[PDB]
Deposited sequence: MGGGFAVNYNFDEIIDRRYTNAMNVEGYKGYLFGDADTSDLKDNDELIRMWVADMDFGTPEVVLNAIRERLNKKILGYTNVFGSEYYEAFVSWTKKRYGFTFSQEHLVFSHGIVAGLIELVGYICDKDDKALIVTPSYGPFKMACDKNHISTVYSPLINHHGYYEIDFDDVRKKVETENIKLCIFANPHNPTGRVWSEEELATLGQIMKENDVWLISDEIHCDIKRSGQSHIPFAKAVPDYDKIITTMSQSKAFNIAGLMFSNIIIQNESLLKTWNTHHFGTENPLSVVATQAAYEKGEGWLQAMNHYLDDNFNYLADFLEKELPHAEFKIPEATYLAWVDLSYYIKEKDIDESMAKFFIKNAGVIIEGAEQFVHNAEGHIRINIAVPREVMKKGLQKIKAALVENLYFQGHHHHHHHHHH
């Protein structure tokens, strides 16, 4: 596979291109090609000529998905518990409304993927933040803070990213078991969003929250191939609901029909996608190794640790912002002064001041050009 390939994304209504010459390292989809094994599965579905009403019937899709989770993480789940949403955020918006009453609160660790908060906002649910701690360089959960807030406040639900966006943490069994125990003792529902779980560094292993904490039925798991196979546009996500009441609400109140092209694409990823995925992850790792060396040599006052998962780099530029008294958004700063689009702290809710997030799921030569421009803009008129 050729991850170096420059793929033209103009004239495709892509948010990454149209939503803001410029070097794009912002919105979380890849500049890598959706692999041909997936695209070819869509092409052979088109050869059946009819694109009518579709649902996941029979057990073939289930068999492909649970075979993936069993082989890769040793995680199994029941076919009855598997339901579908049109993307993970659409799923969260629905689950939050079913789980929470208007005076209930949700807990998120911060910094966070913005839509965790937005999904609470849309359901008129107040969010409580528990800031992650940075004291070993890697980020960690503040369990004391979490316990305090869950005990003292009316937290009904925790929305949790496993692995984490934007820090990249791949939580250990012990971290997850500890958090799960807190949630169980206080009757708190947990939605574990595991969309990054197959994008990870060679030396890391994913443990599903429902694997770490197998005897608590209020753990809801969300997984997709949208991030890992660059098929976010196909808007098809898996939700595993082990709680019978919620499952019944979903099955009753959830109006659900599926896109046949989305289903075949996702199924193909699970059945045939593993070889491409391993190769993508190896190329990503090399992008991260370059980025780590580059920051160490060229932006020494930046704080960065290679993330255990995701294709997203979380970079503390606090030093440079303070030394230059930069008073605009760092996204605006880099657009104006570097010609590079990144995601600034404003996208990550809380506990993000002075950080940018850089998407490096791009050809290595694109990444290097972007990083050079970021560096030049920051060190301009600095000693």
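### Message
Ranges lacking C-alpha coordinates, please, mapped onto the deposited sequence and listed in sequence order.
### Response
Coordinates drop out over 1 to 8, 29 to 45, 409 to 421.
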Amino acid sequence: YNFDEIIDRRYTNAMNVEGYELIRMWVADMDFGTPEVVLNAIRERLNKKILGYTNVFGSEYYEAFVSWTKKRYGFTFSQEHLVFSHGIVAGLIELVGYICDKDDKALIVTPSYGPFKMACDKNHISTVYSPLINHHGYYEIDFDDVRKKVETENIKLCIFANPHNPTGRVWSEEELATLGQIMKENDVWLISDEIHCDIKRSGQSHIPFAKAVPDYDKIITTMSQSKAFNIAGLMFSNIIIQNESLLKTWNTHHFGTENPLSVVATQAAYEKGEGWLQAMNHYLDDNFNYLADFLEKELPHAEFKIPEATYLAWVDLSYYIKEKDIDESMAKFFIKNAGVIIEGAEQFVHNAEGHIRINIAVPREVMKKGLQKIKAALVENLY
From here on, numbers count along this sequence of modelled residues.
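### Query
Higher mean Cα B-factor in the deposited model: 91 to 99 or 287 to 295?
Per the deposited B-factors, the answer is 91 to 99.
### Task
Report the stretch with the higher mean CA temperature factor, choosing between 234 to 242 and 180 to 188 on the basis of the entry.
Mean B over CA atoms: larger for 180 to 188.
### Query
Looking at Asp193, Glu271, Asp144, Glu308, which has the highest Cα B-factor in the entry?
Comparing C-alpha B-factors across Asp193, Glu271, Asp144, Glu308, the top value belongs to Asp144.
### Query
If you check the C-alpha B-factor for each of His282, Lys227, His164, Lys122 in the entry, which is highest?
So the option with the highest C-alpha B-factor is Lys122.
### Query
Taking the C-alpha B-factors as the PDB entry records them, is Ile335 in the lowest, middle or highest third of its chain?
It belongs to the highest third of the chain when residues are ordered by C-alpha B-factor.
### Query
Split the chain's modelled residues into thirds by Cα B-factor; is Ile326 in the lowest, middle or highest one?
Highest third - that is where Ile326 ends up once the chain's C-alpha B-factors are sorted.
### Query
Lowest, middle or highest third: where is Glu60 by Cα B-factor in its chain?
Tercile = highest for this residue's CA B-factor.
### Query
Mind checking which third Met367 falls in for C-alpha B-factor across the chain?
Lowest third of the chain for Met367's C-alpha B-factor.
### Task
Would you mind checking where the Cα B-factor of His81 ranks among the modelled residues of its chain, as the lowest, middle or highest third?
Ranked within chain, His81 CA B lands in the middle tercile.
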